[PDB]
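A short worksheet on the structure shown next.
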Amino acid sequence: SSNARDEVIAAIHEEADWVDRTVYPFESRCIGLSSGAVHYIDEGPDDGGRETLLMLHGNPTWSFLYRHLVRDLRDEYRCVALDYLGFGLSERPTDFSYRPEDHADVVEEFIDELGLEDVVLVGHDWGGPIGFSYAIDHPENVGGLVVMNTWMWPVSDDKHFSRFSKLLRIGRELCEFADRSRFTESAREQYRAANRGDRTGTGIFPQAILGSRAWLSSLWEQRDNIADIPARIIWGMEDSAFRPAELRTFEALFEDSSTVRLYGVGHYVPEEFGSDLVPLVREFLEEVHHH
Amino acid sequence: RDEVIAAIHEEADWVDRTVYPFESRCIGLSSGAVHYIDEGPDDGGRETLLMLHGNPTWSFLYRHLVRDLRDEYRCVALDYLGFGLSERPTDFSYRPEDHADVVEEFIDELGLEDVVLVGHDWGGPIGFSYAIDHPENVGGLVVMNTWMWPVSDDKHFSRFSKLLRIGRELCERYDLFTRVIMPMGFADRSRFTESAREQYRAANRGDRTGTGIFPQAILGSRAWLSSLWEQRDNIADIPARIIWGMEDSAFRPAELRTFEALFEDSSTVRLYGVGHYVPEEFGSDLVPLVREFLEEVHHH
Amino acid sequence: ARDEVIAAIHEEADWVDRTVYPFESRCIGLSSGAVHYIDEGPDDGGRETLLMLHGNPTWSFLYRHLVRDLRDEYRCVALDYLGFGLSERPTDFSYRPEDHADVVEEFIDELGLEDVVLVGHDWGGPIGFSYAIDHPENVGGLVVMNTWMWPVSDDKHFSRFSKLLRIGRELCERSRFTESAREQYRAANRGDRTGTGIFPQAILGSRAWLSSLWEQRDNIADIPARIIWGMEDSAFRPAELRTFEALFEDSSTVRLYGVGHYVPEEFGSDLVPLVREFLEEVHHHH
Amino acid sequence: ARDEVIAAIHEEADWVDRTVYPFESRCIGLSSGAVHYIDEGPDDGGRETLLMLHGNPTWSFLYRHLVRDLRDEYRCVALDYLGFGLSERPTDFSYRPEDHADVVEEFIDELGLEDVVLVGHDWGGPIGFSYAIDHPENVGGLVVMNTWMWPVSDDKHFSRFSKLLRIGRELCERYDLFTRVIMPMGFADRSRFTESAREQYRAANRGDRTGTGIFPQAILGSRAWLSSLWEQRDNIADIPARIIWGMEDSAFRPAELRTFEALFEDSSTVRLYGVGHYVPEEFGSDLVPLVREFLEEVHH
């Protein structure tokens, strides 16, 4: 497995000069987990800081999505962000399913290797369900939830998500008005560049929206594990994928929670709202710090 | 008021009583007089039920429940002002936030206790707007295709409310609500029986102002809906049975999931092949699902 | 007679912009003098009764947007203080806030309003808060905009403002009104201007009365209130806002960035949904 | 161990005028760094226990007048934050106010202080309230002097001062304009900021004074923490409080004082006309009866 770490770090020299370290200044680090070698950010004060944050991306994004948080919270907080296998700088193993139920096991295996504790989970798109796994069955070790444009329920009866899955594709390209397109051409290329190579994970996810109903049920049916974890929900209101209908569902679920509604903001909240997200997260981290 | 109560009685029965066998009773309330069902055992019923209709429906919507559950239960069902045979007063607002005041005023004059509320469509919010401030007089909730939150940011609800806001004056002219909106609320177009279809269309004539104000109020009453949602935890622990027409395009499963999160004492019936008007389309087959709830409630 | 004298002058006061101020003008002969007031709503008295109290040097034209857009379901009442608007300007009244407070109680009693929601801006704070201090059982809730309820004679900010030399408060202290609106105020501030000049003095001249409200503020601390703050206001800073946020157990704060002192004017029709969100909350305590 | 090196700086800190600071120098090796502190009183625990928390660029010498005289009957504890007085100046610490409050919690628990009365001045307010707000049953009362507990990023008053000192930090640190310039304008009578004390504060704040310079930045930069306090203000409001305020302070106005008078359910205010920001200096031993008066009333 230590050989698998070499494979990633070799790729960092052979195939990662394109990463714009001016906006992604963070040190690259790698762990050879059993399913394969992940790439991760871990940056913060050497104390380990006021809190440890774990940031989980979606499809077809990667940890570059969180660079605004990591840059501005690594002052007082330990920021950790993980490239899923198949994505970012992580290994692209032939062996793996890329099914959400299996990515969730990689996240748990990642947490329990690094020994992260009382973590705050930041979750976007599939990073919701994937992170809610560890919150469903390790709620003692989760400090709080940062929720953005995602869900925690089976959706196979709603024609909306059904249509999105059943449509023909190789993978989810980023784009399914305040401006005609929502990303800087700089960032849009940094995402496209990471989606070079084996992109299989980008197409398994939209299929698994229906194909993992059992796993989504396995979260939804024991959601009561999570309902008293403190949470803040930060929602791109102009998202076509996750409507305010999904938002109302979380506003019922949580006892101790607060909601930020971002009008004019679409799906990729940590891009489109940028560094204005930081004070909303930081407000929550200090609210969490009273334990 | 007294001549109006008599006027409500004496020309009532264009109704097919052979399917609506109930004794019609009338209350003089401050806003005007209302017509209601009150049917059950002569002793204090095993449980007490109050059934609140959607638009443009009326107590006749619940006839299948009353017909069977009056074996054991006090079935109450009420026509709001403007609907069924209730008064159509010149001065009332027909606002849903005011209907909830009238249902409070009604409930206090009947003095119901540990009430189980059956909420369809607008009857949901109208019921919840009593249960959320008298929760310790409410015994349980039967939820069918409804909601309890402001939908003003969802394009899905927006388009329909805007469209019917625009077309209101025309829809009132020719009753497009019963002639079109009700027909589309079924998964089997034949199940909206020719008798029922004609009965609704006969009922909702004269002044029908209430039929057209409701689809505006989806957006127009956001402040009241907001107040309910902000108070939601006053209701989160009452027992609820949720029965949902899975073919309804108005209230998706995405609304259903919100009730499933709101109520911890709840369970859900997914009526695949049933549309919005579950008490019509599922008919007498609905009755056992209400009994299964009322047993678990009464056995505590 | 005294109310008939207002009937005379208001028939001469055809300058009022009845396009935006269509409301039926009504008048009461109170003991201190004749007041002019709005009373608009359904014949039912509606879901709530609102009393709306203006500031200096404004008048009930300030609240026209609330009245116009709430009168379909709620009873909106708005009062011109003596000395202001179309109300009488008697030689014998003090125009001191501690006496306006008594007139507001008298007005409420003679109209017979019950479980009122009070809407207050500038001096319409303390003057309204006086009633809510000593009849808190008759108050359904409070709408709080850019005002205060405490003695400030040690605060250099309010001290300078009162100790500055003037005839009366001018509206503006590159502009935040329409000239339609400005003239609608400036016309009413023609004639006997006296009350406009006592208000800025009484900020210090009535410190004792302001103490009396402050020292019994617990009479009010659990009345529900919604606070709606013009954040660019120089007169009533966030420093005042924090003091209300501490006082009220049951309250919410709405912060209007880019809005100045005259929140009802500068926020206009967009204020109405903030009040409805409050009225439909208060209605469940009732 | 590093704490023994803190004793080594004591073995070189003869400059501390013990004729006015007649207290035993004590040290705790906390995890973030070693802190110097005072602990004085009756030979077994006094009638009540005091913990005294200072502002910028002050230190426990600010409280010398209280420790000198209240140790007759009370346990006086007084602390130097990391970065200040004779406490350690670690190279890795943040010197953030919200981290000082974590060190103060860690200090309180290591000493096992119980039913504490907290004295807070300037930043010592927030730093103290960030314990009393989540351990209210371990706190008996609050002494409040010229301080606050809320974000002020919308107040151009506090914004102007913080932004100015954010810009000027690089020079204000190098030349110590905090003690030399900022402290004097915190007095209503410069003759009451004695030439002795002015040296004492300036001697205590030579060396690495990073923490003195970050403090005025944090007025804005700590907004998230200040919010997390202010949103929980009701956790403190029932604790009894004595407020003693320098009315000639331009930094914390009586408009801040009104906020505390609104917040507390049980409070008394002392209005020191003719006294500035540094009340414990400028009001000296005359302050002490106002603290004793409070502790005698706290003692039920």
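Each chain in the structure tokens gets a letter, A, B and so on, in the order shown; residues start at 1 in every chain, and ligands are counted from 1 in the order they appear.
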
**OP:** Mind checking which residues fall within 12 Å of residue 251 of chain C, counting only C-alpha atoms, ignoring those fewer than 5 positions away in the same chain, and posting them as a PyMOL selection string?
**Re:** chain C and resi 141-144+220-228+244-246+278+281-282

Selected residues, N, CA and C atoms, written as an mmCIF file, in the first residue's frame, please.
data_model
loop_
_atom_site.group_PDB
_atom_site.id
_atom_site.type_symbol
_atom_site.label_atom_id
_atom_site.label_comp_id
_atom_site.auth_asym_id
_atom_site.auth_seq_id
_atom_site.Cartn_x
_atom_site.Cartn_y
_atom_site.Cartn_z
ATOM 1 N N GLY C 141 -48.063 43.267 20.628
ATOM 2 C CA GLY C 141 -46.681 43.195 20.187
ATOM 3 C C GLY C 141 -46.204 44.563 19.751
ATOM 4 N N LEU C 142 -44.899 44.643 19.492
ATOM 5 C CA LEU C 142 -44.238 45.906 19.189
ATOM 6 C C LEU C 142 -43.402 45.791 17.924
ATOM 7 N N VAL C 143 -43.592 46.729 17.002
ATOM 8 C CA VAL C 143 -42.739 46.854 15.826
ATOM 9 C C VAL C 143 -41.793 48.018 16.087
ATOM 10 N N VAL C 144 -40.497 47.728 16.132
ATOM 11 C CA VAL C 144 -39.495 48.643 16.669
ATOM 12 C C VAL C 144 -38.579 49.077 15.537
ATOM 13 N N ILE C 220 -42.006 45.347 30.053
ATOM 14 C CA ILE C 220 -42.088 45.175 28.609
ATOM 15 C C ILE C 220 -41.278 43.981 28.096
ATOM 16 N N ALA C 221 -40.261 43.530 28.835
ATOM 17 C CA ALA C 221 -39.231 42.629 28.318
ATOM 18 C C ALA C 221 -39.761 41.324 27.726
ATOM 19 N N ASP C 222 -40.994 40.915 28.030
ATOM 20 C CA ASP C 222 -41.540 39.696 27.439
ATOM 21 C C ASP C 222 -42.770 39.941 26.572
ATOM 22 N N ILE C 223 -43.070 41.190 26.244
ATOM 23 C CA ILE C 223 -43.928 41.475 25.088
ATOM 24 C C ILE C 223 -43.192 41.078 23.814
ATOM 25 N N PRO C 224 -43.842 40.424 22.849
ATOM 26 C CA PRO C 224 -43.141 40.090 21.606
ATOM 27 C C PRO C 224 -42.894 41.342 20.780
ATOM 28 N N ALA C 225 -41.720 41.401 20.156
ATOM 29 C CA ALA C 225 -41.369 42.525 19.304
ATOM 30 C C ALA C 225 -40.547 42.058 18.113
ATOM 31 N N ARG C 226 -40.693 42.766 16.996
ATOM 32 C CA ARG C 226 -39.803 42.618 15.853
ATOM 33 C C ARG C 226 -39.091 43.939 15.608
ATOM 34 N N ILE C 227 -37.765 43.885 15.553
ATOM 35 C CA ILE C 227 -36.930 45.068 15.404
ATOM 36 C C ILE C 227 -36.460 45.159 13.960
ATOM 37 N N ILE C 228 -36.660 46.324 13.351
ATOM 38 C CA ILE C 228 -36.392 46.556 11.936
ATOM 39 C C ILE C 228 -35.589 47.848 11.872
ATOM 40 N N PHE C 244 -31.858 46.946 22.645
ATOM 41 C CA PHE C 244 -33.147 46.276 22.481
ATOM 42 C C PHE C 244 -32.997 44.764 22.358
ATOM 43 N N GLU C 245 -31.986 44.301 21.621
ATOM 44 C CA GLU C 245 -31.734 42.866 21.509
ATOM 45 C C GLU C 245 -31.502 42.206 22.865
ATOM 46 N N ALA C 246 -30.917 42.933 23.817
ATOM 47 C CA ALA C 246 -30.812 42.442 25.189
ATOM 48 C C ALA C 246 -32.152 42.465 25.921
ATOM 49 N N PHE C 278 -44.707 39.248 11.246
ATOM 50 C CA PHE C 278 -44.858 39.457 12.683
ATOM 51 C C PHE C 278 -46.311 39.340 13.135
ATOM 52 N N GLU C 281 -47.447 35.946 13.449
ATOM 53 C CA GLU C 281 -46.910 35.288 14.636
ATOM 54 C C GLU C 281 -47.664 35.686 15.902
ATOM 55 N N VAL C 282 -47.852 36.993 16.106
ATOM 56 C CA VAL C 282 -48.597 37.504 17.258
ATOM 57 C C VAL C 282 -49.981 36.869 17.353
#

Please, which residues of chain B lie no more than 7 Å from chain A when the count uses only C-alpha atoms, and can they be set out as a PDB file with C-alpha atoms, in the first residue's frame?
ATOM      1  CA  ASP B 153     -39.316  30.239  -3.710  1.00  0.00           C
ATOM      2  CA  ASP B 154     -40.260  26.960  -5.453  1.00  0.00           C
ATOM      3  CA  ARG B 252     -44.457  15.489  -4.745  1.00  0.00           C
ATOM      4  CA  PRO B 253     -42.713  12.899  -2.566  1.00  0.00           C
ATOM      5  CA  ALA B 254     -40.307  15.806  -1.932  1.00  0.00           C
ATOM      6  CA  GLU B 255     -43.090  17.324   0.175  1.00  0.00           C
ATOM      7  CA  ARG B 257     -40.249  13.573   2.936  1.00  0.00           C
ATOM      8  CA  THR B 258     -40.669  16.856   4.838  1.00  0.00           C
ATOM      9  CA  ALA B 261     -38.820  14.417   8.922  1.00  0.00           C
ATOM     10  CA  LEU B 262     -41.235  16.578  10.935  1.00  0.00           C
TER      11      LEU B 262
END

**OP:** Write down as a PyMOL selection string the residues belonging to segment 27-270 of chain D that are assigned alpha helix (DSSP H) by DSSP computed on the backbone.
**Re:** chain D and resi 64-70+97-111+124-132+156-167+169-175+177+195-204+210-221+223-230+254-263

C-alpha atoms of the current selection, written as a PDB file, in the first residue's frame:
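Wrote result06.pdb, looks like this:
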ATOM      1  CA  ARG D  64      -3.157  45.330  42.627  1.00  0.00           C
ATOM      2  CA  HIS D  65      -5.544  47.632  44.532  1.00  0.00           C
ATOM      3  CA  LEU D  66      -8.173  44.868  44.685  1.00  0.00           C
ATOM      4  CA  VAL D  67      -5.787  42.032  45.590  1.00  0.00           C
ATOM      5  CA  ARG D  68      -4.087  44.246  48.200  1.00  0.00           C
ATOM      6  CA  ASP D  69      -7.287  44.842  50.180  1.00  0.00           C
ATOM      7  CA  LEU D  70      -9.826  42.094  49.379  1.00  0.00           C
ATOM      8  CA  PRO D  97      -8.997  36.610  22.322  1.00  0.00           C
ATOM      9  CA  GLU D  98     -11.090  33.507  21.603  1.00  0.00           C
ATOM     10  CA  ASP D  99      -7.998  31.408  22.379  1.00  0.00           C
ATOM     11  CA  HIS D 100      -7.175  33.322  25.577  1.00  0.00           C
ATOM     12  CA  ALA D 101     -10.653  32.324  26.780  1.00  0.00           C
ATOM     13  CA  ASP D 102      -9.721  28.687  26.140  1.00  0.00           C
ATOM     14  CA  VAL D 103      -6.554  29.164  28.212  1.00  0.00           C
ATOM     15  CA  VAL D 104      -8.640  30.858  30.929  1.00  0.00           C
ATOM     16  CA  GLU D 105     -10.991  27.855  30.967  1.00  0.00           C
ATOM     17  CA  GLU D 106      -7.995  25.496  31.128  1.00  0.00           C
ATOM     18  CA  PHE D 107      -6.592  27.648  33.952  1.00  0.00           C
ATOM     19  CA  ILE D 108      -9.883  27.629  35.901  1.00  0.00           C
ATOM     20  CA  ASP D 109     -10.207  23.831  35.697  1.00  0.00           C
ATOM     21  CA  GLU D 110      -6.581  23.115  36.654  1.00  0.00           C
ATOM     22  CA  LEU D 111      -6.975  25.360  39.711  1.00  0.00           C
ATOM     23  CA  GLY D 124     -11.241  40.751  29.974  1.00  0.00           C
ATOM     24  CA  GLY D 125     -15.004  40.991  29.571  1.00  0.00           C
ATOM     25  CA  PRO D 126     -15.416  38.799  26.479  1.00  0.00           C
ATOM     26  CA  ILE D 127     -12.573  36.525  27.616  1.00  0.00           C
ATOM     27  CA  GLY D 128     -14.382  35.973  30.916  1.00  0.00           C
ATOM     28  CA  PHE D 129     -17.913  35.792  29.525  1.00  0.00           C
ATOM     29  CA  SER D 130     -16.715  32.978  27.214  1.00  0.00           C
ATOM     30  CA  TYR D 131     -16.666  30.888  30.407  1.00  0.00           C
ATOM     31  CA  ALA D 132     -19.683  32.249  32.312  1.00  0.00           C
ATOM     32  CA  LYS D 156     -17.992  52.815  12.483  1.00  0.00           C
ATOM     33  CA  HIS D 157     -16.843  53.914  15.950  1.00  0.00           C
ATOM     34  CA  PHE D 158     -15.185  50.588  16.788  1.00  0.00           C
ATOM     35  CA  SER D 159     -14.387  49.844  13.126  1.00  0.00           C
ATOM     36  CA  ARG D 160     -12.368  53.055  12.679  1.00  0.00           C
ATOM     37  CA  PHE D 161     -10.192  52.419  15.744  1.00  0.00           C
ATOM     38  CA  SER D 162      -9.581  48.739  14.926  1.00  0.00           C
ATOM     39  CA  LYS D 163      -8.796  49.354  11.239  1.00  0.00           C
ATOM     40  CA  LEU D 164      -6.426  52.195  12.166  1.00  0.00           C
ATOM     41  CA  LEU D 165      -4.546  49.960  14.615  1.00  0.00           C
ATOM     42  CA  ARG D 166      -4.592  47.098  12.106  1.00  0.00           C
ATOM     43  CA  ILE D 167      -2.767  49.389   9.664  1.00  0.00           C
ATOM     44  CA  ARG D 169       0.462  47.542  14.035  1.00  0.00           C
ATOM     45  CA  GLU D 170       3.930  47.140  12.484  1.00  0.00           C
ATOM     46  CA  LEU D 171       5.122  50.412  14.066  1.00  0.00           C
ATOM     47  CA  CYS D 172       2.909  50.465  17.179  1.00  0.00           C
ATOM     48  CA  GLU D 173       4.533  47.175  18.197  1.00  0.00           C
ATOM     49  CA  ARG D 174       8.090  48.284  17.380  1.00  0.00           C
ATOM     50  CA  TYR D 175       7.804  51.476  19.452  1.00  0.00           C
ATOM     51  CA  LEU D 177       2.660  53.191  21.293  1.00  0.00           C
ATOM     52  CA  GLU D 195       4.867  57.974  36.652  1.00  0.00           C
ATOM     53  CA  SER D 196       5.621  54.817  38.665  1.00  0.00           C
ATOM     54  CA  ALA D 197       2.731  52.840  37.146  1.00  0.00           C
ATOM     55  CA  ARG D 198       3.515  54.178  33.661  1.00  0.00           C
ATOM     56  CA  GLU D 199       7.009  52.693  33.956  1.00  0.00           C
ATOM     57  CA  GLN D 200       5.621  49.460  35.433  1.00  0.00           C
ATOM     58  CA  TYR D 201       3.258  48.867  32.499  1.00  0.00           C
ATOM     59  CA  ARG D 202       5.992  49.807  30.015  1.00  0.00           C
ATOM     60  CA  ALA D 203       8.501  47.444  31.641  1.00  0.00           C
ATOM     61  CA  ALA D 204       5.938  44.611  31.656  1.00  0.00           C
ATOM     62  CA  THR D 210       2.679  40.709  19.452  1.00  0.00           C
ATOM     63  CA  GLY D 211      -0.375  40.099  21.646  1.00  0.00           C
ATOM     64  CA  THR D 212      -0.734  43.810  22.379  1.00  0.00           C
ATOM     65  CA  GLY D 213      -0.948  44.516  18.635  1.00  0.00           C
ATOM     66  CA  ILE D 214      -3.290  41.707  17.594  1.00  0.00           C
ATOM     67  CA  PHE D 215      -5.837  42.692  20.282  1.00  0.00           C
ATOM     68  CA  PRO D 216      -7.153  45.818  18.459  1.00  0.00           C
ATOM     69  CA  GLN D 217      -7.238  43.865  15.187  1.00  0.00           C
ATOM     70  CA  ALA D 218      -9.412  41.235  16.880  1.00  0.00           C
ATOM     71  CA  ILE D 219     -12.123  43.826  17.638  1.00  0.00           C
ATOM     72  CA  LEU D 220     -13.216  43.167  14.053  1.00  0.00           C
ATOM     73  CA  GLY D 221     -11.361  39.916  13.322  1.00  0.00           C
ATOM     74  CA  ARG D 223     -16.543  38.796  15.055  1.00  0.00           C
ATOM     75  CA  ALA D 224     -17.468  35.109  14.704  1.00  0.00           C
ATOM     76  CA  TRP D 225     -16.540  34.463  18.346  1.00  0.00           C
ATOM     77  CA  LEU D 226     -18.242  37.636  19.619  1.00  0.00           C
ATOM     78  CA  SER D 227     -21.372  36.548  17.723  1.00  0.00           C
ATOM     79  CA  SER D 228     -21.240  33.059  19.264  1.00  0.00           C
ATOM     80  CA  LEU D 229     -21.240  34.783  22.656  1.00  0.00           C
ATOM     81  CA  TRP D 230     -23.959  37.348  21.911  1.00  0.00           C
ATOM     82  CA  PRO D 254     -22.761  54.706  28.097  1.00  0.00           C
ATOM     83  CA  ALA D 255     -24.512  53.393  24.960  1.00  0.00           C
ATOM     84  CA  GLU D 256     -22.638  50.144  25.585  1.00  0.00           C
ATOM     85  CA  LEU D 257     -23.520  50.398  29.288  1.00  0.00           C
ATOM     86  CA  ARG D 258     -27.251  50.470  28.472  1.00  0.00           C
ATOM     87  CA  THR D 259     -26.848  47.087  26.746  1.00  0.00           C
ATOM     88  CA  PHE D 260     -25.604  45.431  29.952  1.00  0.00           C
ATOM     89  CA  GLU D 261     -28.304  47.163  32.015  1.00  0.00           C
ATOM     90  CA  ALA D 262     -30.839  45.630  29.615  1.00  0.00           C
ATOM     91  CA  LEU D 263     -29.200  42.191  29.623  1.00  0.00           C
TER      92      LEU D 263
END

Subject >> Long-range neighbours of residue 161 of chain C as a list in words, 9 Å cut-off, only C-alpha atoms, 6 positions minimum in chain >> reply: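 So the residues in contact are residues 200, 201, 203 and 235 of chain C.
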
**OP:** Extract, using only C-alpha atoms, all DNA, RNA and protein residues at most 12 Å from residue 59 of chain D, discarding same-chain residues fewer than 4 positions from it, and format them as a ChimeraX atom specification.
**Re:** /D:35-38,52-55,63-64,78-87,120-124,179,197,200-205,212,278,280-281

Produce a file of the selected residues containing C-alpha atoms, as a CSV table (one decimal), in the first residue's frame.
chain,number,residue,atom,x,y,z
D,35,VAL,CA,1.0,31.6,32.7
D,36,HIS,CA,2.0,33.8,35.6
D,37,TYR,CA,-0.7,34.4,38.2
D,38,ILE,CA,-1.6,35.7,41.7
D,52,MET,CA,-9.7,39.0,37.8
D,53,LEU,CA,-9.1,39.2,34.0
D,54,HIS,CA,-7.4,42.3,32.5
D,55,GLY,CA,-7.5,44.3,29.2
D,63,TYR,CA,-5.8,44.7,40.0
D,64,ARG,CA,-3.2,45.3,42.6
D,78,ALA,CA,-5.4,37.5,39.2
D,79,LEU,CA,-4.0,36.4,35.9
D,80,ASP,CA,-1.6,37.5,33.1
D,81,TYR,CA,-2.7,36.2,29.7
D,82,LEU,CA,-0.2,34.6,27.5
D,83,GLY,CA,1.8,37.4,25.9
D,84,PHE,CA,1.4,39.8,28.8
D,85,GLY,CA,3.0,40.6,32.2
D,86,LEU,CA,5.3,37.9,33.4
D,87,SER,CA,3.4,35.1,31.5
D,120,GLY,CA,-13.4,41.8,33.7
D,121,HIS,CA,-12.0,44.9,32.1
D,122,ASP,CA,-11.8,45.7,28.4
D,123,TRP,CA,-11.0,42.4,26.6
D,124,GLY,CA,-11.2,40.8,30.0
D,179,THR,CA,1.5,51.9,26.7
D,197,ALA,CA,2.7,52.8,37.1
D,200,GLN,CA,5.6,49.5,35.4
D,201,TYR,CA,3.3,48.9,32.5
D,202,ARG,CA,6.0,49.8,30.0
D,203,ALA,CA,8.5,47.4,31.6
D,204,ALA,CA,5.9,44.6,31.7
D,205,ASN,CA,5.2,45.0,27.9
D,212,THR,CA,-0.7,43.8,22.4
D,278,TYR,CA,-8.7,52.4,33.1
D,280,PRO,CA,-8.8,50.1,38.2
D,281,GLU,CA,-5.9,52.5,37.8

**OP:** Determine, counting only C-alpha atoms, which protein, DNA and RNA residues have an atom within 9 Å of an atom of segment 51-66 of chain C; residues of the same chain fewer than 4 positions away are not included. Present the result as JSON, numbers by chain.
**Re:** {"C": [20, 21, 22, 23, 37, 38, 70, 71, 75, 76, 77, 78, 79, 80, 81, 84, 85, 86, 108, 113, 116, 117, 118, 119, 120, 121, 122, 123, 124, 125, 127, 128, 168, 169, 170, 171, 181, 184, 185, 186, 188, 189, 195, 196, 199, 200, 262, 264, 265, 268, 269, 270, 271, 272, 275]}

Export C-alpha atoms of the chosen residues as an mmCIF file, in the first residue's frame?
data_model
loop_
_atom_site.group_PDB
_atom_site.id
_atom_site.type_symbol
_atom_site.label_atom_id
_atom_site.label_comp_id
_atom_site.auth_asym_id
_atom_site.auth_seq_id
_atom_site.Cartn_x
_atom_site.Cartn_y
_atom_site.Cartn_z
ATOM 1 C CA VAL C 20 -50.915 57.974 -2.258
ATOM 2 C CA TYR C 21 -52.807 59.092 0.894
ATOM 3 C CA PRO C 22 -56.385 58.071 -0.040
ATOM 4 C CA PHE C 23 -57.314 57.174 3.538
ATOM 5 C CA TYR C 37 -56.049 60.069 12.605
ATOM 6 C CA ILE C 38 -56.312 57.265 10.071
ATOM 7 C CA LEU C 70 -52.412 45.844 5.257
ATOM 8 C CA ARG C 71 -55.973 47.264 5.405
ATOM 9 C CA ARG C 75 -57.103 47.370 11.141
ATOM 10 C CA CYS C 76 -54.464 50.079 10.668
ATOM 11 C CA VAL C 77 -54.734 53.164 12.891
ATOM 12 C CA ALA C 78 -52.217 56.001 12.523
ATOM 13 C CA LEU C 79 -52.106 59.143 14.668
ATOM 14 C CA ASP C 80 -50.889 62.671 13.969
ATOM 15 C CA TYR C 81 -49.516 64.107 17.209
ATOM 16 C CA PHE C 84 -48.098 67.832 13.493
ATOM 17 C CA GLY C 85 -49.771 66.663 10.309
ATOM 18 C CA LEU C 86 -53.391 67.789 10.146
ATOM 19 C CA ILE C 108 -56.369 54.592 22.678
ATOM 20 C CA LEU C 113 -58.496 49.726 20.939
ATOM 21 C CA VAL C 116 -52.931 46.530 19.937
ATOM 22 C CA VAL C 117 -49.724 46.001 17.997
ATOM 23 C CA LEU C 118 -47.710 49.218 18.277
ATOM 24 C CA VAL C 119 -45.577 50.460 15.376
ATOM 25 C CA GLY C 120 -43.031 53.043 16.449
ATOM 26 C CA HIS C 121 -40.382 55.162 14.742
ATOM 27 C CA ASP C 122 -38.143 57.820 16.344
ATOM 28 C CA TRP C 123 -40.162 59.544 19.138
ATOM 29 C CA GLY C 124 -42.973 57.064 18.402
ATOM 30 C CA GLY C 125 -40.777 54.700 20.390
ATOM 31 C CA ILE C 127 -44.272 57.682 23.455
ATOM 32 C CA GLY C 128 -45.655 54.277 22.491
ATOM 33 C CA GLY C 168 -36.936 72.933 14.826
ATOM 34 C CA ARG C 169 -35.785 69.631 13.408
ATOM 35 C CA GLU C 170 -35.383 69.775 9.640
ATOM 36 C CA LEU C 171 -36.003 66.484 7.855
ATOM 37 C CA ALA C 181 -42.774 62.863 -0.357
ATOM 38 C CA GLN C 184 -45.903 66.209 1.590
ATOM 39 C CA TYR C 185 -43.927 66.549 4.831
ATOM 40 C CA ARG C 186 -42.692 70.115 4.320
ATOM 41 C CA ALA C 188 -47.470 69.934 6.949
ATOM 42 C CA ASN C 189 -44.486 71.587 8.679
ATOM 43 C CA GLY C 195 -43.649 70.954 18.476
ATOM 44 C CA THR C 196 -40.805 70.195 16.058
ATOM 45 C CA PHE C 199 -38.751 67.265 20.676
ATOM 46 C CA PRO C 200 -34.976 67.793 20.137
ATOM 47 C CA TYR C 262 -36.837 56.929 7.747
ATOM 48 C CA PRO C 264 -40.921 53.380 6.301
ATOM 49 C CA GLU C 265 -40.087 55.855 3.515
ATOM 50 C CA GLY C 268 -41.447 51.548 1.208
ATOM 51 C CA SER C 269 -43.721 48.695 0.128
ATOM 52 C CA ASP C 270 -40.963 46.185 0.955
ATOM 53 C CA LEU C 271 -41.535 46.806 4.683
ATOM 54 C CA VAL C 272 -45.050 45.300 4.534
ATOM 55 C CA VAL C 275 -44.826 43.295 9.439
#

Original post:
When DSSP works through the backbone of this structure, what residues of segment 3-188 of chain D end up as strand (DSSP E), shown as an MDAnalysis selection string?
Top reply: chainID D and resid 26:29 34:40 49:53 75:79 116:121 139:145

**OP:** Please return, as a count of residues only, all residues of chain A lying within 9 Å of chain D when only C-alpha atoms are considered.
**Re:** 18

Subject >> Interface list for chain C, partner chain B, 9 Å threshold, only C-alpha atoms, as a VMD selection string >> reply: chain C and resid 42 to 44 47 72 to 73 273 to 274 276 to 281 284 to 285

Original post:
Which value, in Å to one decimal, gives the distance between atom CA of residue 23 of chain A and atom CA of residue 56 of chain A?
Top reply: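 Atom CA of residue 56 of chain A lies 18.8 Å from atom CA of residue 23 of chain A.
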